[PDB]
Amino acid sequence: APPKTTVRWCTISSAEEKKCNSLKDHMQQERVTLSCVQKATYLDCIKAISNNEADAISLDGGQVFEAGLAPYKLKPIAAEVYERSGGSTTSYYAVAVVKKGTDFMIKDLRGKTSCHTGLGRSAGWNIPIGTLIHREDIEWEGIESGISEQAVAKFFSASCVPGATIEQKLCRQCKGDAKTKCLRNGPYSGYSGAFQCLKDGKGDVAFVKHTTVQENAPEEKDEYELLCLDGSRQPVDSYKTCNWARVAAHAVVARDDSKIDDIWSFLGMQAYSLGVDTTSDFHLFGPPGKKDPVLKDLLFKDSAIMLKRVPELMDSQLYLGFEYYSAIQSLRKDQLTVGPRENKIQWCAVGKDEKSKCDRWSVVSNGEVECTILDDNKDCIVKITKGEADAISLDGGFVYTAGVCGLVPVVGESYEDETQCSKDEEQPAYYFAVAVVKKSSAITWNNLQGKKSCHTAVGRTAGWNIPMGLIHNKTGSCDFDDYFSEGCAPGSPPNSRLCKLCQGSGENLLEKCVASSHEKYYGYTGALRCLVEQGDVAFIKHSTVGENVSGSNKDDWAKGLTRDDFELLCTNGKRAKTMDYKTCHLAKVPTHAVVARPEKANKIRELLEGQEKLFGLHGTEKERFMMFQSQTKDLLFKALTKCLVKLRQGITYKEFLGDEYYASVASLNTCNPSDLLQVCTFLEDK
């Protein structure tokens, strides 16, 4: 994006300043130049960027946290990347290691012996302790002038918490003398130390990082375990699904309301003229043969290989993820201890209307569920990723995204009050997507390029998303238009070949290509007629043939129509009888489901099953409020929802959606991803 601006990098050390001007010298010659301002505290720097003296700095997981807090809401615009065998990464993970065979899981740390890395260390203090604070377990609430932080003594019978000088049982298990055992360097300190402690039977849990079991014990790793927050243990290598939280990489941060593009543009050029391989000398990351301590990690970590940009919708809170953010809430902010799941659900709504209905919900449930409001589905997910909201009913599409953002399906919407409902329920009954055609057994799926297709409307499942998704799987281009010769896809941009055949209102002038019933070929029906007047391939749902053909639609285009006139295009290449669906289909698009974070999952489940007994299709109080009836239509649930099918514990979105739909969407979305899927993709790393 175009300028000739300087960028004021901030340094807090002279050494740092040293390479900062070394940097600038290398490219006085470019559009976006650099400036160096040194200060004493990262923190000053923070405020020196909130007041516009400066432009960017590289923060640490916890630093970047407070840089985000008002009055400076500086946001991470760029993070580092670090791997060797694997590829690349924007993270590391703290674990709680236990010994295999001792049989306690996370509720049971009350009165354990613990081994830690040091006081005020993220891995060994902040994460575990703050977690255990938010859950309840360590009961710390309101430090105004309440004796405080080292209350963990009341929780754990003994510990080894290095460099603590405020208690004594926390110093108890430290190996050494007495004066040196609780020193910050007292030998059970740091990572390895905390591990040895545990190996010395001096703990029950060493709160550490993942690599440690390989680092200290690669022989006997198999004797050790992880203690996860869902109340389970998992082996050493299952860390990615068992971490207490992943101190997401070092972030360059800057102002929201500013010239960030310029800074990323400098970091960009710099990043790799003078990169990981500089043909010669100024390095921007240069890490070896143990250099002097004050030399290393100036400006960026030397470990770094790569500076990757942050998706613009990202904020401190999202980047750091949940886990860490809330751990830092706990100790870094107030004493907050009897509410992990404060047994009562913030349902997150879209649009005032939705709110109104949720307000009804609120009331009649006697406040079991409370309500938040937004302007978007986009947004409600973020309030769910951020723990400001709990659950939302999502569409098949939305589900994928949220599922990528780690929201798991809970109850799926079923629309037949007669089929899948309790015992009755097996999985909720989706509908199909199928490409219908006529006689000419010339046409097949893999030969479809360049034919004339008719589509329901763009942005719709049936007519647009599934065919085009699948098709893009095959092509690798976001070419849409330029795949078929021409066809109809309502609301296409009128120069688009997929507006060529559209007839608008009959053919009297008016609305040649609108996605509305003021267009001749709109909807499933319109498109079935569109196979009939002009198109070669129709993309629709499986009920469309058998809803208009043999004396079902009495419009003149349809008058002589009967089902052997239309066949199904199978994906495998073959064709079939319209009347033959579960076997021949493009995709079986599942219902809406509600998603939340895994933690909220099983209670959400209960909420609704209760709420339904009272306000669903044969509810106890349904005269006050019908959970499923709306003042308009799809207000919270899909108006002609019948019952709420329980999906079994920990369902993957992928399972819920099935391989066909999952493939459709995933491919369609490599084309032009939205802001939210982008971030959820970056934090699939997290």
- Task: Scan (1) farther than 21 Å from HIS134 by Cα; (2) touching a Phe, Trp or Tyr at 6+ places or on another chain (Cβ under 9 Å) for the single condition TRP264 breaks and write down its number.
- Result: (2)
- Looking at segment 23-68, which of the residues that are of a type in the set (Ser, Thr, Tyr) and in contact with a strand residue (DSSP E or B) (Cβ under 9 Å, 6 or more places away or on another chain) is surrounded by the most Cβ atoms within 10 Å (Cβ to Cβ)? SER58
- Query: Which condition number does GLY87 fail, the rest of (1) over 12 Å from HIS250 (Cβ atoms); (2) buried (at least 20 other Cβ atoms within 10 Å of the Cβ) being met?
  - Reply: (2)
- Message: If I filter segment 370-382 for residues that are part of a loop (DSSP other than H, G, I, E, B), in contact with a strand residue (DSSP E or B) (Cβ under 8 Å, 6 or more places away or on another chain) and either within 23 Å of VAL645 (Cβ to Cβ) or not charged (D, E, K, R) (or both), do I get at least one hit?
- Response: no
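If you check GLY163, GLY176, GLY203, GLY186, which single one turns out to be in contact with a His (Cβ under 9 Å, 6 or more places away or on another chain) and either over 23 Å from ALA327 (Cα atoms) or not acidic (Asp, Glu) (or both)?
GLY203
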- Screening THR525, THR578, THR562, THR544 for residues that are surrounded by fewer than 16 Cβ atoms within 10 Å (Cβ to Cβ) and among the β-branched types (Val, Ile, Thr) leaves only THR562
- Could you list, in sequence order, all residues of segment 154-167 that are of a type in the set (S, T, N, Q) and closer than 19 Å to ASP200 by Cβ? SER157, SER159
- State which residue pairs qualify: first residue exposed (fewer than 15 other Cβ atoms within 10 Å of the Cβ) and inside segment 609-629, second residue among the β-branched types (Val, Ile, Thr) and assigned to a loop (DSSP other than H, G, I, E, B) in any location, beta carbons under 9 Å apart, and separation of 6 or more residues or different chains. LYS613/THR620
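Which of the residues belonging to segment 635-653 are exposed (fewer than 15 other Cβ atoms within 10 Å of the Cβ) and charged (D, E, K, R)?
Correct list: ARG648 only.
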- Item | Residues satisfying the stated conditions in segment 66-87, i.e. outside any strand (DSSP E or B) and either touching a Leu at 6+ places or on another chain (Cβ under 8 Å) or not assigned by CATH to the domain that holds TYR325 (or both) | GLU66, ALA67, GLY68
- Task: Could you please let me know if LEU313 is closer than 24 Å to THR681 by Cα and in a loop (DSSP other than H, G, I, E, B)?
- Result: yes
- Members of segment 592-608 that are among the basic types (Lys, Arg) and either surrounded by 22 or more Cβ atoms within 10 Å (Cβ to Cβ) or over 19 Å from the mean Cα position of the chain (by Cα) (or both): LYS600, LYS603, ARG605
- Filter segment 582-634 down to residues that are part of a helix (DSSP H, G or I) and polar (S, T, N, Q) and give me whichever is farthest from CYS371 (Cα to Cα). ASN602
- Go through segment 418-440 and count every residue that is farther than 13 Å from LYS646 by Cα and crowded, with 17+ Cβ neighbours inside 10 Å. 7
- Task: Please find, within segment 181-214, the residue that is nearest to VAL95 (Cα to Cα) out of those that are crowded, with 23+ Cβ neighbours inside 10 Å, of a type in the set (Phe, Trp, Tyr) and within 35 Å of the chain's Cα centre (by Cα).
- Result: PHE207
- Task: Go through segment 212-244 and give me each residue that's more than 18 Å from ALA123 (Cα to Cα) and small (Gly, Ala, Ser).
- Result: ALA217, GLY231, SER232
- Test result for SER192, in a helix (DSSP H, G or I) and more than 21 Å from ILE129 (Cβ to Cβ): no
- Note on the structure: Counting only residues that are in a loop (DSSP other than H, G, I, E, B) and surrounded by fewer than 21 Cβ atoms within 10 Å (Cβ to Cβ), segment 159-180 contains a total of 11
- Note on the structure: Those residues of segment 635-662 which are in a loop (DSSP other than H, G, I, E, B) and either at positive phi or touching a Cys at 6+ places or on another chain (Cβ under 8 Å) (or both) amount to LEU636, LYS642, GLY650
- Task: Quick one: count up the residues across segment 141-158 that are in contact with a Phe, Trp or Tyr (Cβ under 9 Å, 6 or more places away or on another chain) and either more than 11 Å from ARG110 (Cα to Cα) or assigned to a loop (DSSP other than H, G, I, E, B) (or both).
- Result: 4
- Query: Applying the selection to segment 384-409, what residues are assigned to a loop (DSSP other than H, G, I, E, B) and within 12 Å of the chain's Cα centre (by Cα)?
  - Reply: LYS386, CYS405, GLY406, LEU407
- Query: So is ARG246 closer than 19 Å to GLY321 by Cα and of a type in the set (D, E, K, R) or not?
  - Reply: yes
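As a convention, Cβ positions derive from the backbone with ideal geometry for all residues, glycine included, and neighbour counts pool all protein chains shown. Numbers and lists here come from the model and the stated rules, or from a named source; none is laboratory data.
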